[PDB]
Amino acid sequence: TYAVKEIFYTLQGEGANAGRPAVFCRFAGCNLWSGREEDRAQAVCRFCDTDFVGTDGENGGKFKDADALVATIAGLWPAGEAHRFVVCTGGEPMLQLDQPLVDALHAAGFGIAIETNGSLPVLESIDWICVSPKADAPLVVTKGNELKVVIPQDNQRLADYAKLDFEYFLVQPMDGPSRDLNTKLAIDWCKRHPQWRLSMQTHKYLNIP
């Protein structure tokens, strides 16, 4: 059984796949924050820009099995078009994403991406693994396709991340009252340490979901 906040079709706004059409499957619930504003100030992850509480968003609900969920995800794809691509996110998707859902998505022709905080083991049959490490959480996922680090966070050991086994190393400016400041910081970081590339949250500039 899957608790899903929302499912929607848009362009991936972030990371190496920015600009790519994708169905987003946003799972409800996270292991680093309750999602309640009352808890934010004491949480492990305190800067979250997302509503992942409950199953009341667009196409959200409790799905009784993988087939039900895949049917809804598939239904959002343009008729007759291939290149099916789904981004599993949340919330922390690895609280719920399992091999049966991965297998059912694959059998429906989807390539699968995940957005994960890296504090939980990931299924390696997932096609595109994006890990976004939180400075005060364990990082147990040390290989993947892209490591997308939100900066700045206190306690961060940023240069150390570049030692890990990823294809791409990205910094993403932390949105909030200092987004423009953080964007300049991020640009400067990449220019000084060009192993790193910039990940903009482009959907916020394009004003799309």
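All residue numbers refer to positions in the sequence shown, first residue = 1.
A.B. asks: May I ask you to compare 149-157 and 63-71 by their mean CA B factor in the entry and name the higher one?
C.D. replies: Stretch with the higher mean C-alpha B-factor: 63-71.
A.B. asks: Going by the mean C-alpha B-factor recorded in the entry, which is higher: 32-40 or 179-187?
C.D. replies: Stretch with the higher mean C-alpha B-factor: 32-40.
A.B. asks: Select one of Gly111, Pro93, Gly80, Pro133: the residue whose C-alpha shows the highest B-factor in the crystal structure entry.
C.D. replies: Highest C-alpha B-factor among the listed options: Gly80.
A.B. asks: State the tercile, meaning the lowest, middle or highest third, of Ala104 with respect to the CA B-factors recorded for its chain.
C.D. replies: Highest third.
A.B. asks: Pull the Cα B-factor of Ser119 out of the PDB entry and bin it into the chain's lowest, middle or highest third.
C.D. replies: It belongs to the middle third of the chain when residues are ordered by C-alpha B-factor.
A.B. asks: Quick check for you: using the entry's CA B-factors within this chain, is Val53 in the lowest, middle or highest third?
C.D. replies: Highest third.
A.B. asks: Based on the deposited C-alpha B factors for this chain, I'd like to know if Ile129 is in the lowest, middle or highest third.
C.D. replies: Its C-alpha B-factor, which the entry lists for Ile129, ranks in the lowest third among residues of this chain.
A.B. asks: Please place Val87 in the lowest, middle or highest third of its chain according to the CA B-factor in the PDB entry.
C.D. replies: Ranked within chain, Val87 CA B lands in the lowest tercile.
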